[PDB]
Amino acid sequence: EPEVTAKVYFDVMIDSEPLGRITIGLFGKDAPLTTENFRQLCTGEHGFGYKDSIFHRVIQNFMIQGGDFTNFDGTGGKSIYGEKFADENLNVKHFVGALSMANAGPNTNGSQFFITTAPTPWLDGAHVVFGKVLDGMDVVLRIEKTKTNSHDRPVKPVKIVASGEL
């Protein structure tokens, strides 16, 4: 995997019950702009970020998605650079535990991301891979095992009650 230059975390809990911590390593040399946007959204040093956001989409054995702190439905979110920012590096490919940038076409990176729980090569070349779950992958497996309704939305809220940099 690429060089890890920074670490951040998510303290997750599926409603009145704590699931645990997910530690993530960022690829600062391969995607500087993308990692810093994520890093700052984690620390919330701007008054907005991932704290209290949810994982609105969960697809058993594919990936889990989150980062929509504006609409909580998978339609919102925003970067520290503005509404959307360009694809910085599309050469890094996906692997289990990859933190990838969710988008709606070329250059539509906002604040939404996903964590793969299986190899997803069909995404290579279309999504910026900028991180790796270094610890807490068992927390991630628990999240993908929760009951989901239509659109694969968790019945109970999987909430990031805390986040920050290590």
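Residue positions are given as counts along the sequence shown, with the first one as 1.
Higher mean CA B-factor, judged across 59-67 and 35-43 from the recorded values: 59-67. Judged by mean Cα B factor in the deposited record, 50-58 ranks above the other of 50-58 and 128-136. Ranked by C-alpha B-factor against the other modelled residues of its chain, residue 8 falls in the lowest third. Per-chain ranking of the deposited C-alpha B factor places residue 119 in the highest third.
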